[PDB]
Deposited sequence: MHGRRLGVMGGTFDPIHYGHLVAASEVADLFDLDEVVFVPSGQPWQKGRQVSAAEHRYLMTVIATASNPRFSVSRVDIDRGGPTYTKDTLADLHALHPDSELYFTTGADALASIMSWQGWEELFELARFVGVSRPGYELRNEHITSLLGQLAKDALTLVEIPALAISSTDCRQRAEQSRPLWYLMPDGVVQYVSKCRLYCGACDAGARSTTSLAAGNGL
């Protein structure tokens, strides 16, 4: 059992890392591969290497986390379908569990095949405390498909990349929202 964590990580923060650990405890995953996403699907975010290196810095110290550049190296916006194909090729031993934010998930289903996407992995959306499903396509999708698609509330996902981005812009402290390495990387590279 191998977790797959997409995707933007701009910046990565404790919420993401809490979500990875929770979802691994739940589902008894042996490892979690973080996959920073490629180009955006609308033609403004940080450079792929910045997001990759932030993700590597944040996860380095965890024995059961890794970072893959499968989406980064591919070029273009990249389909989730390919992520899993590439990650199935390198981990043929394990069944995959793709996991991502609730809103990001509702943008993958949702422009791609889904029917063929659920053949490749079980799906585990992670959501902030106050989450209410408003997307009716997903509500419909749910009736179709135990347990192809789960949602797991993560209190820590109250912390968001958008807030961290606004806080860095406003020179407001990012301390304790993310590892010291990430905050200082964000600061040094003046990412926002």
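**Prompt:** So which bits of the deposited sequence did not make it into the model?
**Reply:** Gaps vs deposited seq, in order: 1-4, 48-49, 152, 200-219.
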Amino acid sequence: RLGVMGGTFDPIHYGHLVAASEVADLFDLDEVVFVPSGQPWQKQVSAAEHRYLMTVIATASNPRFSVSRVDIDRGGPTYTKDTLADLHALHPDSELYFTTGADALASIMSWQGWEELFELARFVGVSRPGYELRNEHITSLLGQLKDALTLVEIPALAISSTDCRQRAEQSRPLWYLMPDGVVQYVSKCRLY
From here on, numbers count along this sequence of modelled residues.
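**Prompt:** Mean CA B-factor: is it higher for 67-75 or for 106-114?
**Reply:** The recorded data point to 106-114.
**Message:** Comparing average C-alpha B factors as deposited, tell me which of 136-144 and 52-60 sits higher.
**Reply:** If you average the C-alpha B-factors of 136-144 and of 52-60, the larger mean comes out for 136-144.
**Request:** Kindly indicate the residue among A158, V45, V126, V35 with the greatest C-alpha B-factor in the PDB record.
**Result:** Answer for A158, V45, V126, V35: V45, with the highest C-alpha B-factor.
**Message:** Splitting the chain's C-alpha B-factors into thirds, which one does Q39 fall into?
**Reply:** Within its chain, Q39 is a highest-third residue by C-alpha B-factor, going by the deposited values.
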